[PDB]
There are 4 protein chains.
Amino acid sequence: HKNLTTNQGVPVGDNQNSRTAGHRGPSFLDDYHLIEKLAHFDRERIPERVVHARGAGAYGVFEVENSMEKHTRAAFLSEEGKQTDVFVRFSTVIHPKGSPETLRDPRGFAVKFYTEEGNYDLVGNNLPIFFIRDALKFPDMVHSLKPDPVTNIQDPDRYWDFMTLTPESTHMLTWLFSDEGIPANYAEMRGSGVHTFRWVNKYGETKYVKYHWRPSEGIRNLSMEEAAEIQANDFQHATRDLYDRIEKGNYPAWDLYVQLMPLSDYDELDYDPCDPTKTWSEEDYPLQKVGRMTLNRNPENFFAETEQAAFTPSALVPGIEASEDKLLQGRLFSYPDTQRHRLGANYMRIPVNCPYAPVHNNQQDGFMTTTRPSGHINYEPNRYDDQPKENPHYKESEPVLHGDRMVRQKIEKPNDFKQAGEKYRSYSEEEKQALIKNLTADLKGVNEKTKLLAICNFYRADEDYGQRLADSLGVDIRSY
Amino acid sequence: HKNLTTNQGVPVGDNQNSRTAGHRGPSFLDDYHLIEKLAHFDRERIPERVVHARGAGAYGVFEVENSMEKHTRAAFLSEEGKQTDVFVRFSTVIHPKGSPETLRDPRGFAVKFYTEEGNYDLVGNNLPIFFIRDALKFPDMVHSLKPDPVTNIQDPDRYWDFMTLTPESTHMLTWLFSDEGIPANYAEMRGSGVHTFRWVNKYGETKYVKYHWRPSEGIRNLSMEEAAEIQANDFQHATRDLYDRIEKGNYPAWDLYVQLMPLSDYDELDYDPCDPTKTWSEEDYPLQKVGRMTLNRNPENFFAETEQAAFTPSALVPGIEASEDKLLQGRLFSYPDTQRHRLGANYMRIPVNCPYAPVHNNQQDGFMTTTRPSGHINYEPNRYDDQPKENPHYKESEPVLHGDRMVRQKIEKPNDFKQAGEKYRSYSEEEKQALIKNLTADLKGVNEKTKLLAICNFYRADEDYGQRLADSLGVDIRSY
Amino acid sequence: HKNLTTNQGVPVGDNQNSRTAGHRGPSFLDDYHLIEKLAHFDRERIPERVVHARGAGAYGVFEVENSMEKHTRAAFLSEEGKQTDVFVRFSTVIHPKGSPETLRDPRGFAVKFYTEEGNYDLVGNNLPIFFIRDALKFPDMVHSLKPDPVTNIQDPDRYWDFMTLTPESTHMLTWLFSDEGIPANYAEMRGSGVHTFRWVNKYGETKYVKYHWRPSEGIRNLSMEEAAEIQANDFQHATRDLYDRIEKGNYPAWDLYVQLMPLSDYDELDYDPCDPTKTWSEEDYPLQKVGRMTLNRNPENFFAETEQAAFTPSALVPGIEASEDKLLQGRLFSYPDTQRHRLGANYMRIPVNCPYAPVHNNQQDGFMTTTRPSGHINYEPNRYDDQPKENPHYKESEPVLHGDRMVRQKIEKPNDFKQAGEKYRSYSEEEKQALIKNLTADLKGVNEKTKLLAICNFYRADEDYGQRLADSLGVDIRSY
Amino acid sequence: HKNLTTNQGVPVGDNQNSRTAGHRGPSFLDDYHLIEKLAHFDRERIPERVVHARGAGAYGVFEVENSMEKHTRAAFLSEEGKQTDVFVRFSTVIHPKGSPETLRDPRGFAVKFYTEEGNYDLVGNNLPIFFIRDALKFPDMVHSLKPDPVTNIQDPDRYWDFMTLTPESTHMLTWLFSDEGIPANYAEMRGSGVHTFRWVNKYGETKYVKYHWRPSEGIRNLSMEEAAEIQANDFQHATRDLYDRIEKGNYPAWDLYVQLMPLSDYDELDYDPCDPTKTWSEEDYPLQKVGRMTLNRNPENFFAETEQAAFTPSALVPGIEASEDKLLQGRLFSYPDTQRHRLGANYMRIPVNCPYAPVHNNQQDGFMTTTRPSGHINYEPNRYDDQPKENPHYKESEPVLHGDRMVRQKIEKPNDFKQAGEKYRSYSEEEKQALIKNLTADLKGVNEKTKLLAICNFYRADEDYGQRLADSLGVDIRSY
Ligand code: HEM
Ligand code: HEM
Ligand SMILES: Oc1cccc(O)c1
Ligand SMILES: Oc1cccc(O)c1
Ligand SMILES: Oc1cccc(O)c1
Ligand SMILES: Oc1cccc(O)c1
Ligand SMILES: [Cl-]
Ligand SMILES: [Cl-]
Ligand SMILES: [Cl-]
Ligand SMILES: [Cl-]
Ligand SMILES: [Cl-]
Ligand SMILES: [Cl-]
Ligand code: NA
Ligand code: NA
């Protein structure tokens, strides 16, 4: 038994009635409990994420099966059996917070590893490639996919306009308009790092690395029709499914694999290994098992933990570094940037975002300083040996630069169509029918010029792909 | 033909490629366009409304059919034929932005009238009563209805716990669990002021008033099955319908009616006429036609106009005043309070929120001061005859207080069950079946003790109502 | 010995050099330590207080000498010897954060008591009366005093315009333009509650109360010339003095006294006992000793504790209530209102602001939620006996209301001039000379019509007062 | 004659009295005017600048005397006689708003040129060099200078600890501790761009450039004693002086000169020409006159225009580019970053910040959207020829990179002491005495080890400089 109180810790005598002029009269300004309670209620909401607003979170554990010290000095990967706590958020992409989980979209797959050398965030998606290869385009791509800024409804004519004029999107669309565009839920879903990263070992040797998460529950997708049937009855079915699995002890898991590639393979390839519109062949760069992540604990409060969770591809740990991927390079900025706005300058003190490893630096102040700071010395260098100092054992590598000028220029060997064709041809007949069906439903109402350009991009990927789509849409492409 | 520019007005030479060390190298910090563009993208989102987050807006005109000058000095209602521009937002209540418009909920019906004596907001709902009668309870009610703070899913066990222990909710629930709980769209929908207000005429005489909006399009509601079928195909059908009707010239309209009641009628009624859980009998207080509102223009930008729209029940004009309704009283505070948070201190300068009537006062500064202020004199009284002065012609009335003391005390004559029973008995047999069906599907999984308490509250409203609900739920209530 | 780290807990390898293209080239975007460190730096500052921006804080202890249980049920005053921790901030009023502490102004004297029944804030000044008696005028008065909104310099012509047209200010100015307008430092300074409050005992009996703090260090004031001489070498002398006293173990202290007055004395007086322009005679309502406050500890971090400290007159505890003073009534609203803006919705979780008493309520979320919330139940009423409930033993009193209407109307018996005259006559000859000198230097450059109105207000207080000021200003008032 | 109104445009009947229970009773919640007026007052303040918080602004005109088209394509410099509007803000550095203008500090000299190709900000100081050469150190330097985080008083022992351990500061301190460390006012003051920039002409040819502003009023400084005498009577004398000059028609002016240096001169200088701790010889790189800036208009509102002014070194225009200077490189980021926090995401729409040149882009939304956006197309590429497109005539240059790796490494040829010695020897005997006097007063209380290190740095600049300082401080330097 407990008293209801104000935020001043005064017990509340009456949580039912406002203070008024007799039992029916107007209300008095001197009602601190009323005003305090309504003023806080009036301030509950913070801005949603600019993308991936709809999502759900869980905690778990990552365990190393095969130590990776030959290839990376990352502490959390250094010994067989080594266990690291994680927090994970899954998400959709485009629509706002309360939107259905049955819509077509990539799904977010964001893993925060609380390591002994700091927090490591691997901010992935289910699908292993992306629509674009330069961050400068991301607001455009997003604006095109987001609800129309006049009508508040998503319009295929808008995002197809952008995508068709951005033919590097052709590989991604070939995956997204398979039925994997609507995963059955967050458990029965692939995960991918997408980008090439650099792994650096204790000798300073570097490899390119790709990450892949393979669901213990298998991959399962929804057709458009199966999605509609779910949507009719539940607009948060994946959020429900994840919570429910974990509450009943049926913990979902994923095995982590990597691919590794020498830096010197750049010239051996007909695409850029750091173009995030490209996968690497599993035949040429085989998947190597690392370990397993199991999610086994729901959050205690959705807002405090899942809503306020902050992930960044720039939360890298010794041994793991960015590649030159221009898309990744902009993400390194944009995540902490948006989080300072969304969550406050001190968002890194919110519990879910706090490292397990110690934090000591000379940053200070900012909105909502809750950490009881102390001491006179908030600058370095200083004369005091006991104050925090830089540690040269933790310097990052020094990547070689091949360019001799500061330029704005597309990568060489963009190769926009070849992998899309390879993917298309890798589909079963049943999967090819689904892809054509889904693309046809999306493209049938768009501007004719845009519709033709889409067909041409897919035709350049594979002639059969393009021809089938043309026939399904009633578009005669004989004169080309 | 136009240049893309930065926010500094410098034309952009390349909107495709980040600035990099050669064609494929890492990105440079000196890329003002990349950073400016991403940093603004990163800051697009503001907090959604704490309730009524999902909604849609339109502009139009209100035209007076019958002058109301016998009863109110309100300027916009003074003359036959007098036209006042309006902005209107419609909304659901509980779920976030992006949520479906096929869910059970009251619907918001918020009208801003841009009058010659200032902006007048009538911030209504479709349904004419409310669940509670004191604002101190509003955060509780909302929290009970909102998705569970652990699971992020709405849970009937939670809101039925609250409602059943708040039996003044019984009349509201008797309307909301009719099929009017799911309006077909925003056009084919009732509107209501809900509260009693005070109308004050040129002689200073006051009457109680209620407001009603009657759709020219008639009322159409969705059964739970029809709502499911629409939810499957379109999560935003009401937003779509409203835009589309207006774009095709099929402008929706509502007639405005009032009921009027003498102050003195308090003492003779068996309920409090300022209890917003009560309606007034249309036999005893007949609807009187005032005018018609037609919505004929979509906004140019959904975020700037509909998202940023701010309404408050405290935006009253001369001739129209609050009543003593303890629910209304809290609303006077909470709306501009929340809006200062949600939108900024200067939210009243956002174009949709601006009055047509001139604004002159000694307020200053605050975030995002865009108005080019000038002058030395920002205080009153002052010696300058040309500076803004108070104007005694515009004083509000001086309501009589019946209370002796500052108290926290429930109103007399709460009468929580009688009108709910009257409503129930007014339903056709088909409508009583729908009610019971919709209640049954909501209650069937709730805690048994809460379930029984719901049944008892409805049984107190009407025996046949309560017994049918009990029969439908398999609950034997004969021992009580 | 400690590593410098990022906020992710990654040790920093180099805290000297940015990451660049070779040793002399431009900087890279992928420098997380640079960006994180600059971005936090860029966000250190929050808005200063709207008034009393310049100030200094200290902790200490309040110890009861004479229990007050006969007059108030306040827990912290219930027993001889009972000790309550305090946090105190002292301040100037008008100028910004870095402004000199040698300027004429009231001084703030804000005491937060961490009691067993919640935090109690007594938000006083040194001077025992105020310029104005209604909170509607506060923004006006402030705007007049503040630096001119064009020039950013304070202008006597502006605030004298306001003050002269607000003659209830005449008592306050008669104190403020004595040399007590510039206290020597914060230790050698009086403290006052200013307002009448209500004390309520365990029988529900109410008295009016005034609070007074008497410095153990005695009162010392600066002449204008002494203030200039300090200002020449130190613009933060009072902040220095306070820190330095406490660091040397020379702890300043104040004894707390109250005056007590029956509610029924209203009719015995020629002023309103709740008019904050008025003092109560010490002959007729003698000072009664309560206890002593000693300040004995400097804060650990000036931003986290002193800058982010939030006090509100509405932080009242059982046994202590507001009076009907219209000036106080507005303050009840304005402090927590400004603090939500200045500090965040969750400002009451900031350590200095936290109560020692337990906090349990159904409030939730808001920016920077750091408190690890949990549980499914965030609403009341609820069916769970272990969740927080209202406690009727802690209801506030029910003050009698004498008015029968909602009005906007000045108090009866404003009596604007009598106490100013009494104060003037109470001054020693030396003190009267300083008053006239100080007023003369302030008035000599103002508008002649305003100047004359000031002289007339002071003449109405006391003929000699007014005549001396007139002579000193070269104004001939023969003919009035 | 004008009515006082609410923000809703309703005329105010009484701007004196709150609404209350009779003439002396407590206040009612239904007082929209009171709560609106107090709530806006409660939100007047925004965060001050993190540095340069104290300052003053004015408008004027820049007129070209010698067209610079041989060296830069900058539009505003292209023709003799061409006039460009400016806004200028002058400032101190370390102390807050409200601090005196008689303190030692660099002075800010920030110039916004409203050019036909966009806004160009030259964000200078009076002194032509800086304490540090890498932006990574800036928060450390600032934190050491700023008031101690515990005491709120600036402590020489703190900043001398930093500066001594940062010996690249030696040249700066040699200027700052001359009497030019306290300019007499803002008009009688030098201006400097500080950094090397790059100028690029219409043929694509690049030169290094430095900017210098020479006051038509001459340079005049204050001794410590002359500063104290002013500080005694006016803590805003420079703000006053500026306003008063312009109001009286006595417009202050500065001639703009540049120094120009071939890129290839790097290799034969004994310093790095992009090290902002270094000046360029005026014998070897003579000052070349460009034009004249006259300040002739005070702002209409200090908050809206001077407080909310936003400058950034990254507001460059075609023809003017950053150099590789590692200090400048971080400024390019930090200014718009802090401004998004300080002012809002849409700070560039605040009138003083708006370009004269057209702004057209696909950015949208964000807090306080006041610009009436319209249109369906917010993404590029798109199919619409009339939507904003990139324009390749406005690409920036492609600087050659000399580095072959991503490194964190100090520049070659730091040469920390040579120019400090040259400056010392360039002082008159009178100026050397002032320098030693000013340094001695600053150093006399600092830690002995730090004090010695300071003496040693200045001794390395010039043996006489160091010996005199040692003698003045009573430090025996023999055993070194
Ligand atoms: C004490 C009772 C209530 C409280 C405390 C309350 C509070 C709120 C709050 C804080 C908002 C968000 C406003 C914004 O950010 O702009 C809101 C929106 C709204 N409320 Fe209420 N509300 C109450 C009762 C009601 C009632 C009785 C109705 C109808 C009679 C209603 C209809 C609405 C509507 C339509 C909106 C959305 C306004 C818009 O379109 O922007 N509310 N309410
Ligand atoms: C890395 C080094 C530096 C950093 C990180 C830095 C950062 C900042 C920041 C964050 C502000 C606040 C600006 C605002 O809120 O609008 C500022 C203001 C200012 N800085 Fe710097 N700064 C640096 C070096 C310099 C240099 C070298 C100069 C002169 C060359 C300078 C001149 C100014 C001026 C004049 C202002 C005030 C502009 C105004 O009037 O608002 N700063 N700086
Ligand atoms: O993220 C996407 C992209 C394309 C279509 C779609 O429905 C969603
Ligand atoms: O707003 C409401 C109230 C009750 C049930 C419901 O589904 C929605
Ligand atoms: O607070 C005040 C009031 C009047 C004069 C002054 O200098 C300060
Ligand atoms: O900016 C500065 C630097 C050094 C001493 C000082 O008083 C101010
Ligand atoms: Cl921000
Ligand atoms: Cl740091
Ligand atoms: Cl006002
Ligand atoms: Cl706020
Ligand atoms: Cl609560
Ligand atoms: Cl853009
Ligand atoms: Na191993
Ligand atoms: Na020329």
Side-chain angles (χ1 to χ4, degrees), chain B residues 10, chain D residues 57-90 107-128 186-203 205-220 242 245-246 249-262 279-297 311 313 315-321 323 355-357:
Chain B
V10 176
Chain D
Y59 296 88
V61 183
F62 179 80
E63 177 172 344
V64 174
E65 174 165 354
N66 296 311
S67 79
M68 287 293 117
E69 83 289 345
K70 287 184 168 26
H71 309 303
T72 178
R73 65 177 283 199
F76 81 107
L77 293 181
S78 62
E79 300 268 40
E80 291 78 14
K82 188 175 203 158
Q83 297 183 5
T84 300
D85 291 347
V86 299
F87 181 73
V88 179
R89 188 169 175 283
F90 303 107
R107 259 56 175 183
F109 198 139
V111 185
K112 174 181 300 307
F113 299 88
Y114 297 95
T115 93
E116 80 205 74
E117 292 187 340
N119 283 1
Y120 172 52
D121 289 332
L122 183 55
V123 189
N125 276 339
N126 67 329
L127 305 178
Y186 295 136
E188 292 179 79
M189 190 181 73
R190 187 193 310 264
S192 309
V194 177
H195 306 292
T196 303
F197 295 89
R198 287 181 174 237
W199 271 3
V200 183
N201 74 3
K202 70 189 176 161
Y203 299 112
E205 305 166 326
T206 303
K207 301 204 164 296
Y208 287 137
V209 67
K210 285 200 179 273
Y211 294 100
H212 303 270
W213 290 111
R214 291 179 47 175
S216 66
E217 298 297 337
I219 291 171
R220 181 159 68 85
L242 181 62
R245 280 175 198 268
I246 293 172
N250 182 20
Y251 305 142
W254 292 256
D255 292 328
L256 185 62
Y257 290 81
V258 294
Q259 294 171 286
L260 293 160
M261 164 184 305
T279 55
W280 299 350
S281 161
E282 299 176 4
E283 31 267 77
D284 298 334
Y285 301 100
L287 295 194
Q288 297 193 47
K289 191 160 182 205
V290 180
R292 187 179 188 82
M293 176 170 72
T294 305
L295 305 187
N296 65 4
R297 182 171 45 103
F311 309 84
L316 293 152
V317 288
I320 309 177
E321 288 176 25
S323 76
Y356 285 14

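The sequence lines fix the lettering, A, B, ..., with proteins before strands; numbering per chain opens at 1.
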Test ring-ring contact (aromatic ring centres under 6.0 Å, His included) applied to D/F113 - qualifying residues, sequence neighbours left out: D/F62, D/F76, D/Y120

Donor on one side chain, acceptor on other, D/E80 and D/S67, under 3.5 Å: yes

For D/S192, side-chain contact (heavy atoms from CB on, under 4.5 Å) partners two or more places apart: D/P128, D/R190, D/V194

Heavy-atom pair with the smallest gap, counting every atom of D/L242 and D/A58: CD2-CB, 4.4 Å

Minimum side-chain heavy-atom gap D/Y211-D/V290 below 4.5 Å: no

Check: D/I246 and D/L295 side chains under 4.5 Å, non-hydrogen atoms: yes

D/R292 with D/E63: basic N within carboxylate O range, under 4.0 Å: no

By salt bridge (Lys or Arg N to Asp or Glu O under 4.0 Å) - contacts of D/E217 (at least two apart): D/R245

D/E205: partners by salt bridge (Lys or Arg N to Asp or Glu O under 4.0 Å), with sequence neighbours left out: none

Sub-4.5 Å side-chain heavy-atom contact between D/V111 and D/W213: yes

Heavy-atom side-chain proximity of D/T72 to D/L77 below 4.5 angstrom: yes

D/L260 vs D/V209 side-chain heavy atoms within contact, under 4.5 Å: yes

Qualifying residues under side-chain contact (heavy atoms from CB on, under 4.5 Å), relative to D/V200, sequence neighbours excluded: D/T206, D/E321, D/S397

For the student: nearest non-hydrogen atoms of D/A357 and D/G118, plus distance: CB-N, 3.7 Å

Pairing of D/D121 and D/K112 as salt bridge, 4.0 angstrom limit: yes

Flag, side chain of D/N201 to backbone of D/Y203, donor-acceptor distance under 3.5 Å: yes

D/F197 side chain near D/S323 side chain, heavy-atom distance below 4.5 Å: no

Within-4.5 Å side-chain heavy-atom neighbours: D/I320 and D/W199: yes

Audit row: D/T294, D/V61, side-chain contact (heavy atoms from CB on, under 4.5 Å) steps and yes/no: CA-CA 6 Å; D/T294 305; D/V61 183; 5.7 Å; no

With sequence neighbours excluded, residues passing side chain to side chain donor-acceptor pair (under 3.5 Å) with D/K207: none

Intermediate values then yes/no, side-chain contact (heavy atoms from CB on, under 4.5 Å), D/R214 and D/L287: CA-CA 11 Å; D/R214 291 179 47 175; D/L287 295 194; 3.9 Å; yes

Nearest-0.5 Å distance, CG of residue D/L316 to CG of residue D/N119: 12.0 Å

ring-ring contact (aromatic ring centres under 6.0 Å, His included) involving D/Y114 - partner list, sequence neighbours excluded: D/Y356

For D/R297, all residues meeting side-chain contact (heavy atoms from CB on, under 4.5 Å), sequence neighbours excluded: D/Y59

ring-ring contact (aromatic ring centres under 6.0 Å, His included) against D/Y186, all qualifying residues, sequence neighbours excluded: D/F90

Closest heavy-atom pair and its distance - D/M68, D/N66: CE-O, 3.1 Å

Nearest-0.5 Å distance, OG of residue D/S281 to CD of residue D/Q259: 8.0 Å

With sequence neighbours excluded, residues passing side-chain contact (heavy atoms from CB on, under 4.5 Å) with D/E116: D/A75, D/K82

Minimum heavy-atom distance between D/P313 and D/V123, given as atom pair plus value: N-CG2, 3.7 Å

Test salt bridge (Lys or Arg N to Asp or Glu O under 4.0 Å) applied to D/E69 - qualifying residues, sequence neighbours left out: none

Heavy-atom neighbours of D/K289 NZ exceed 12 at 6.0 Å: yes

Contacts of type side chain to side chain donor-acceptor pair (under 3.5 Å), residue D/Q288, not counting sequence neighbours: none

Straight-line distance of D/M293 CE to D/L122 CG, nearest 0.5 Å: 9.0 Å

